[PDB]
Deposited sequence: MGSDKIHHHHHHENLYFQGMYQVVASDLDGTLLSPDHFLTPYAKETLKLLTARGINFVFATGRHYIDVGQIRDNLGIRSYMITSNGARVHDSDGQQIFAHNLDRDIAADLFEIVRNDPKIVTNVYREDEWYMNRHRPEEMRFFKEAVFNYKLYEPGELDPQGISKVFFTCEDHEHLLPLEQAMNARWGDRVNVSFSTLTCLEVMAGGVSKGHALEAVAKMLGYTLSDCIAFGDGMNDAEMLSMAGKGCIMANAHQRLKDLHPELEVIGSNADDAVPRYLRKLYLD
């Protein structure tokens, strides 16, 4: 596989959200052998600044679950946003639910409907009142709620409401995310593979969340983390389940496969 695609949190990153020296060295060893790396996250691009400064290699960066792609120079290749009418509705769909907080990534800004490491980028929220947020430039809307079971009926209602026009995915149990239809880490990986002169068949992917499901099944080879959500394991039982990110399972798997 000429292209290695990996999710960050819960996948390549340690349980303490760090890139280990072992993992950094693995990226260098495979880069020296002509292997390409693509990192895919639900995070905003500003929120992966410290990670990209510590990778040690030049790589394509998929952020906001495939709504954005940047090259190694920080140049935004594409921005695939939510349709204006859908973004406008998502801003207010659960305004009056005290259990849910509505979050929005609009371009380089983070908005929140109401109030819910030292070398990390400054990335804060602004508050928005009904109607005071522009529904253009929306990479994603995400609903945060401590009660996972309370988010499940909201996932169903939005899928039934918009169908193909949205991609609804959980990241954590407490974060239900909405991107434009046709936008996912998998669809962005396919686009990036083509930029590199390859196809999905040339890709091996690693992930642990529902926002990795398309990426793991579309890639030539998909690996599910041992620490992954059970719903991901249940949806794709045909995929290999590897070790935990606590063991640095991804770089160890790569060294065993390539070196």
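- Residues 1-20, 137-141, 285 of the deposited sequence have no C-alpha coordinates in the model.
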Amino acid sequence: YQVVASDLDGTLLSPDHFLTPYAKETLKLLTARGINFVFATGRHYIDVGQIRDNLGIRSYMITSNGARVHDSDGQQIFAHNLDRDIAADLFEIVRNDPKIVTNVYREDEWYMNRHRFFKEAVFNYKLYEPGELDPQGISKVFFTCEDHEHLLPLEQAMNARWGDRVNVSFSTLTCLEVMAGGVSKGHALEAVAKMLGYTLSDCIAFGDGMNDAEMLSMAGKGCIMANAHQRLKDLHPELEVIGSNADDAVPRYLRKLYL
From here on, numbers count along this sequence of modelled residues.
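- For the two regions 45-53 and 25-33, the entry's Cα B-factors average higher over 25-33.
- The PDB entry reports B-factors from which the mean C-alpha value can be compared for 211-219 and 56-64; the larger average falls on 56-64.
- When the C-alpha B factors of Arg161, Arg116, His148, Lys140 are read from the deposited coordinates, the top value falls at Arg116.
- When all modelled residues of the chain are sorted by CA temperature factor, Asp247 is found within the middle third.
- When the modelled residues of the chain are ordered by C-alpha B-factor, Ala5 sits in the middle third.
- In the PDB entry, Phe123 places in the highest third of its chain by CA B-factor.
- Ranked by Cα temperature factor within the chain, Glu177 sits in the lowest third according to the deposited record.
- Sorting the modelled residues of the chain by their CA temperature factor places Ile224 in the middle third.
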